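J.: Once you've had a glance at the structure underneath, I'll fire off some questions.
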Ligand SMILES: Nc1ncnc2c1ncn2[C@@H]1O[C@H](COP(=O)(O)OP(=O)(O)OP(O)(O)=S)[C@@H](O)[C@H]1O
């Protein structure tokens, strides 16, 4: 114990240099030898070795043997520390994963790696199943071979935990990923053949119900028209709309596809013929007729898209409604400690939600007689929502092992996210929740109050509101919020309650669930928090956040309408949490969540480093290439130490929380928001 | 209990176990529609509000088998409601009919030949 | 129309008198209510009393919607006298549930003496041990005009509702929204802010020596803080030259200080 | 009139006296009778 | 028309710029400014044209003739123009844009190319020419004051207090002081260049005068350099002295009623050649004329249909 205290205090006094590292290393090795059954000493030794690797790598970036000398005992101590926890070892597993991915090709680190895979149990990899599959197409032989061996062991022991991302990765466009996934899948048919075929059938069948043929052609033509008439890139629109001709050339298989073929197939063939005539002998005389035909098809498709409001399975996908029993599990619900729920039936009618992306409403029926309602999403990448759900589960586990937050029941409400491809997926449906916009809308429609009364006052005081300077917009915004009593949410939440005790408990839950999500969204960098992205649970009062598409302060650094606020804290959310203000439950809950996130900064740092450094997922944050990821992880490290507002000082938890409160509820920052964000609500 | 010695022994056992903190007690450990109807959360107009709350009040005594003495008058009151409303008494069917048929199944005696008869009037 | 002989009888004295009064009130309310439903359910309500209890609010609002100005004015006067006359839990819970049922409607709350009786009903809700209702009524009183008494009662209500952080927010509002140091040391006493209450009591006593209840609070602060030495020193310097109604209040703290220092001879 | 860049980016000695005349005068202030102000009132 | 020794105009959100004279408060010409609002307007020192700048264009309006159209329009910037100004002999334009730039324009249809750009890391809110027509003050949304001399190409940056956006700055024509206000009401006054010889540009902070609890939107000296008026968002306009920097005069448009709740801010003000009567622009859809001594208003012009945020008042040099 005192050797560990010596190492920690020497690190806290003198930092990390080339003179203190062997001293804290010998202290940590003395502590591990003095105990040999302590998770803390082995963990501190392994993180000290990893920090030595990081420091000696960053020093020669501004030899490969000292890095070896500090990486091999790092992997050894981390694989030793994995087996000591037995309940929660996500950070150690991500550390052995990043060491595996960066230095797993060296022949000496491979020894410790292949010992560690055979040493520890097989369930401890079930938490890092996506992060493994993101590196399945590595161009190095031995690390890729050991990845393939581990994935085959996971598929042999736990076949249900790996079959969905494997069938996701099989239907990719890159060569190495799809052939490695097909290889692991065809090795999976040895012990379980019906499950792989049923899973491929189900995935390939409800990837078609997500985006139909006319929606695919509408999206492709809308992309190619913008590309050709804005960038003059003929070889870009060619690669945009030739896979559509490729998937249309294999024959229609359903009645809807045959209907689309009988309607538009002659025009979509003659346009391809004119495009080929242009591509052989270059002249715009051949491209203008093809684009005329494409615009005719686009204008005929775009008129029948608001009419789509329901889908029958006999017309869209005739293979889904004739299953009647399956070996697949219900997606999003599988744990190795409970009996599995298999997919029994699928409802033969889906309701399409009228929006700009049109999400379907799928509802399966499990083996235990319970209906599982889902949301079949198209035109969206659901690979970010899965990672932020893993982060939210980690944060829930962190808040669960703390005494002062467990007695206050602080947690984030999560939902299942099952991606199916690059542009389609399946979101779990949370019941009893209602949208924040769709609550104020009903309250104003019932109380005879107009919806855009604040916007109408703003446009009446000044017609050119969006073109003013900062001070003029501040004056118009203050005149709008002073001449309007904003108390819709408080009376709306009180009116829908049976008694006062339930109303008080729901208000307490609402405040202490808004504060946790505000601090976690500040640490993560959540943007675009308009009232259509916040939901209230009508039975428990808690707050549910959706649309995790703008993370890591992307919305702060955009060009047209950048937001200057960390989280959403407006006057309607403040007048409905208490009667004095936000200095009660809100500030104390923010202090608790911030100090919990600061005491466990290494775990959330490891999760966010595994998220950002993924080469197939960091394309949304870059609109060398590894410079932006570094300067984002540095910003995240500044947020978790109190060096975010100024680098020459270190702020504690109350000062940082007070600065965030003053920044989020300032009129000069709320006046610059987009009008759809509703800063007056 | 009322004996002072028993209460003294009870608080003696309570002290000898000894001062468990409340969170460990709470660790060791539909009916929502009636609460919304007796307070009128849905804000239905008052003319069609008294039948719903009277049906819940009749169903609260018609659910229990311990108080099987006033079953004839709650049944005749239910028939009175269903005849007095008219065509708008269809909304109370999912809450009145399973309890009615369960009571017909579980009861005994010469009230059964009554209940069926009243059930016919419901039909 | 014929309910004034049940409402304005003016003869209720004891507990069972009030219970049988609300009994007869419920039966004469459900008997003639201008609705076939409650009138038919009255015949069963004569035989079963909890059914007449749960059908009280609907019968009350159906009878209230038909009366005119004067009869409903005698009605609200009689319900005010029935509120402020007794102290039993069942009848007060019944009247509070009726008032919250009425204020949840579209017609607004039933008008009491002054501003729907939010000063009365909360004072009837604090003694009935229904603290959520009292907290809601004190918030409704706070929304009109803030005074230090409302903030002190908000602290007192939120402490027994197991909410220390809300009361801390009340103290924060009172300290950054008033700005004259009107904050009494009893406010820090309720929040268990023993150091701040101690600094407040030394701030209040060093300027002038005043009457008791000003050193008893300092004794309570130093006892709850855990300093037996200064507590016993301040007790021994004032034990003789003090009146009778203060030694009976300070004797247990004196015994606790003498035990904490181990002086059994003074503890006896 | 629109905007065009790359103007006078190489001549330093010419720009030292092209537009920076450094005209500093009118040091002596005098009193007045406020003709327009009294005429307006 | 503008054939008069004194002229007066106001501009705001009603899509018109009004010209009038302080004889009876009646409007003479209403010039039509559409598709944007006016941030700031300035008259040419030769008294031939006026210039209205707001949202990516600077529009000239003729003074001798009667033309309601923008005869000469300047475009090229991508956001608003906070303030504009001319050389005292009418040679070059200093225009501060919203985005990042303070630039110069050439007023003649010839390739003189005396135009330069000054680029900072913040949206700028105010520009001010030096009275010797050699230096220039830039004030942005980061509290920084860029003293940029047009002779050389290096600029000083001065930060009294970060995290607060400064709004205005001005130098008296006698070249005695330099005052500036920010978004919390603090008004710092530095002593300007005393080096008339070779433009050494030394600044020492004389005083900070704490007033104006709300936002302070514009601060201006007087041509006699004995008074300094500043307008703030508590519906007040206060004039201070340059002797010991105490409060000379307080003016307010507050009705004293809690039913108004800041019905209009104090946007702009200007002095006269005598420094005796001032004209103030409030956002209560009207402009006022006050005196620096008696306190009470003397005149009112209420022909506008929306708020007004800028006004121009120049008279003859004698006064
Ligand atoms: N996970 C969920 N649980 C319950 N309801 C949900 C859930 N996800 C979405 N919804 C509901 O579905 C509505 C519309 O779905 P969205 O996908 O948000 O529509 P959208 O506007 O196309 O989405 P974007 O990306 O914000 S434009 C949401 O506003 C909610 O009402």
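Swiss-Prot numbering applies to chain C: residues 1263-1530, in that order.
If you check the header, you will see the structure was determined by electron microscopy, 3.2 Å.
Cβ atoms here come from the backbone N, Cα and C positions, even for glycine.
For C:1274-1311, the entry in Swiss-Prot reads repeat 'HEAT 31'. The repeat 'HEAT 32' annotation in Swiss-Prot covers C:1312-1345. What Swiss-Prot records for C:1346-1382 is repeat 'TPR 1'. Feature annotation from Swiss-Prot assigns repeat 'TPR 2' to C:1383-1408. Marked as repeat 'TPR 3' by Swiss-Prot: C:1409-1442. The repeat 'TPR 4' feature in Swiss-Prot is assigned to C:1443-1473. Under the heading repeat 'TPR 5', Swiss-Prot lists C:1474-1507.
Provide an account of the burial state, proximal residues and distances for the features listed.
T.: Residues 1264-1265, 1268, 1317-1318, 1320-1322, 1324-1325, 1328, 1344, 1347-1348, 1350, 1352-1353, 1356 of the same chain, all 6+ positions outside the repeat 'HEAT 31' (C:1274-1311), place their C-beta atoms under 8 angstroms from a C-beta of that stretch.
Secondary structure by DSSP for the repeat 'TPR 2' (C:1383-1408): 21 helix, 0 strand, 5 coil.
Long-range neighbours of the repeat 'TPR 3' (C:1409-1442) within the same chain, counting only residues 6 or more positions beyond its ends whose Cβ lies under 8 Å from a Cβ of the stretch, are 1388, 1393-1394, 1396-1397, 1400-1401, 1403, 1448-1450, 1452-1454.
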J.: Summarise the repeat 'HEAT 31' (C:1274-1311) by DSSP state, stating how many residues are helix, strand and coil.
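T.: Grouping H, G, I as helix and E, B as strand yields 28 helix, 0 strand, 10 coil.
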J.: According to DSSP, how is the repeat 'TPR 5' (C:1474-1507) divided among helix, strand and coil residues?
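T.: Helix, strand, coil within the repeat 'TPR 5' (C:1474-1507): 22 helix, 0 strand, 12 coil.
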